[PDB]
Amino acid sequence: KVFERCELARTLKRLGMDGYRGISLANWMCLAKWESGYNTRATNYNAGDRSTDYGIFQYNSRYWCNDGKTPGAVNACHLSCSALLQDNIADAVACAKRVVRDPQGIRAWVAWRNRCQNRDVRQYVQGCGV
């Protein structure tokens, strides 16, 4: 599913993402925008290391979910990577909460550093009623 901006904003708020581990909703929106364009079925194979990124937040198979074909992988979210390709994002959110419980926090995603950190991210949630 390809979410519309405000639809996703309200969904994330209902799932308890606003302020989770100090991360504002606008930051989560900026992340999803740059990771997948709000697309839950987005996948990207990384030929260099044989891993694949899955879903709206692009979780890498070497660390977060199990796809069975990634060498030396762990499954920290204890989920099949298939669950991160659903239209319902409940599992993807539970995994995002798991990712930020680590010390790096939101910085775990390189894209956040490049496109969201130190920027005015208000535009991502403006007018959504959140």
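The sequence shown: position 40 = 40 (the entry's author numbering), numbered continuously. Note that the Cβ used here is the ideal one computed from N, Cα and C, for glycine as well.
Residue i classed as buried or exposed, judged by whether at least 16 other C-beta atoms fall within 10 angstroms
i	result
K1	exposed
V93	buried
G55	buried
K69	exposed
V74	exposed
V125	buried
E7	exposed
Member of the options whose CA lies at the smallest distance from the CA of residue i
i	options	result
residue 131	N75, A90, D53, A26	As shown, the chain starts at 1 and ends at 130. That puts residue 131 outside it, with no answer to give.
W64	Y38, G48, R14, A76	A76
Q58	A9, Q117, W112	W112
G48	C128, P71, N66, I89	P71
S61	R21, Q104, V99, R122	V99
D87	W109, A42, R101	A42
Inter-residue CB distance, residue i and residue j (contact presumed, cutoff 8 angstroms)
i	j	result
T52	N46	7 angstroms
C30	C95	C30 to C95, Cβ: 18 angstroms. No contact.
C128	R5	7 angstroms
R21	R119	About 20 angstroms; that fails the 8 angstroms criterion.
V130	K13	5 angstroms
Residue i in three-state terms, based on DSSP
i	result
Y124	helix
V2	strand
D91	helix
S36	helix
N118	coil
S82	helix
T11	helix
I56	coil
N27	helix
Cβ-based neighbour list, residue i, same chain, cut-off 6 angstroms, excluding 5 preceding and 5 following
i	result
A83	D91
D18	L25
Spatial neighbours of residue i in its chain, beta-carbon cut-off 7 angstroms, leaving aside the 5 residues before and after
i	result
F3	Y38
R122	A26
Own chain, CB closer than 8 angstroms to residue i, minus 5 neighbours either side, in chain order
i	result
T11	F3, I89
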